[PDB]
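Before any questions on how it binds or moves, here is one chain, the form deposited in one PDB entry, in structure tokens.
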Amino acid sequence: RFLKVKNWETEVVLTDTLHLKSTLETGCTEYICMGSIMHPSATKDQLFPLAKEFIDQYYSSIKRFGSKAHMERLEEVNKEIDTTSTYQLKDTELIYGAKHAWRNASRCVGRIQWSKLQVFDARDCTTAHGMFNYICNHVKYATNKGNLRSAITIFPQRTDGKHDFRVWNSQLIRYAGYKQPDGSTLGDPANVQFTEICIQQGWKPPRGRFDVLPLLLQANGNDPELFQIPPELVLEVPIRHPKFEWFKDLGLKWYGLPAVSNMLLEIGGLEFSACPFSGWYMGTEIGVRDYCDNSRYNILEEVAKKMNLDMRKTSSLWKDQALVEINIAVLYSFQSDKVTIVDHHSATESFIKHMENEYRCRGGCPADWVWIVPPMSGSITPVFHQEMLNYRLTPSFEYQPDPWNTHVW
């Protein structure tokens, strides 16, 4: 059936037909919705229909469905799966696939940029040193002296499951976290466990609040190896406030490059277990989640002190006041340092425009309202009032297990 989605602020109604194309599950059923669950829920025979489906939509996308090239490609892939239990994507197909996995990422508010993605083919990589080289080039390219460019580097696909390429870091660039004798945490508490694995492997920790973690890289199923990213490739921003001159004295900084490195890219049945991808930050990612989450840097109280706020009752909204000033500081700092960043008002605006584009040209746009709506000031951004349909389209980015739970040394 055709599905309507309405914006309750503009009263614009869009019609979704694209959802009929989905074949994978969402996790919900007719009687139970799991819209707020973070993580809900090959062989030659499974492999061909998936490959065919993907080849079909690729050739449909270049207006040559059923062409001679198309027929030949299907045949070629058929033979290759027969003979080898897998197949290799053409360069054009790899790039199409990566851009579309981004396009189909229902949890990403930044998708208006989807067709501008620099794709680095790293499928000839065989070793951890090789991976390091490719990752450095990625970081250097994507960083671009502050003028951030979206990029993805794609390492060899899964074969038997015992020879996986994995970036063990959840992101390429992150700050270490340390468990103190007194039981508190120094640095980022989210990375305490990963930091410990790096230490256990030989990494000598400076034990600061913002120590960039080393890369831990696994090539072809082997034990991961440590590498320090050359520091001149790591762009950082000292956080200050345009009004509160005491803010710089908090000693806060963050890195300019958000680069997810723990997801799995799926294209036509093939699985790319190492595919680090990067864009640029939305201010709230740092200002709200990284700094103000209770389980992260957790700075609200200190900031509220410096602002001399009344902090005895919740109803003074001291937390909300402090939260806003921190996010002003993040945006101001990045902007003043000419490092690409987008505020949640601008980002959500662009996303609404993107939705409108996709509905017109594609017949829909899968979107996860729980993730799309920013973690502050929700209803004063346009996505809060936008109905969205969530469904799973392929090619796609998928979660995968942490490598330290499925690896034998």
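Here, rigid core means the biggest group of C-alpha atoms that superpose within 1.5 Å across both forms. Residues that one form lacks are left out of the comparison. So that there is no doubt, residue numbering starts at 1 and follows the sequence shown.
Below, we turn to the form deposited in another entry, even though it does not appear here.
Visitor: Just one of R296, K99, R174, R73 has a CA that shifts 2 Å or more between this form and the one not shown on a core fit; which is it?
Guide: Looking at each option in turn, only one qualifies, and it is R296.
Visitor: Examine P224 after superposing the rigid core and state whether its CA is displaced by 2 Å or more between this form and the one not shown.
Guide: Result for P224: no, shift under 2 Å.
Visitor: If the two forms are fitted on the core, does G279 show a Cα displacement reaching 2 angstroms between this form and the one not shown?
Guide: Not so; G279 is displaced by less than 2 Å.
Visitor: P382 to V288, Cα distance in the other form relative to here: closer or farther, by 3 Å or more?
Guide: The answer is farther, because the C-alphas of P382 and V288 separate from each other in the other form by 3 Å or more.
Visitor: Since the C-alpha distance between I199 and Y291 changes by 3 Å or more in the other form, give its direction relative to the shown form: closer or farther.
Guide: Closer together, by at least 3 Å.
Visitor: So which segments really shift between this form and the one not shown, if a segment has to be 3 or more residues long and each C-alpha must move 2 Å or more after the rigid core fit?
Guide: Flagged stretch (3+ res, CA at least 2 Å): just 287-298.
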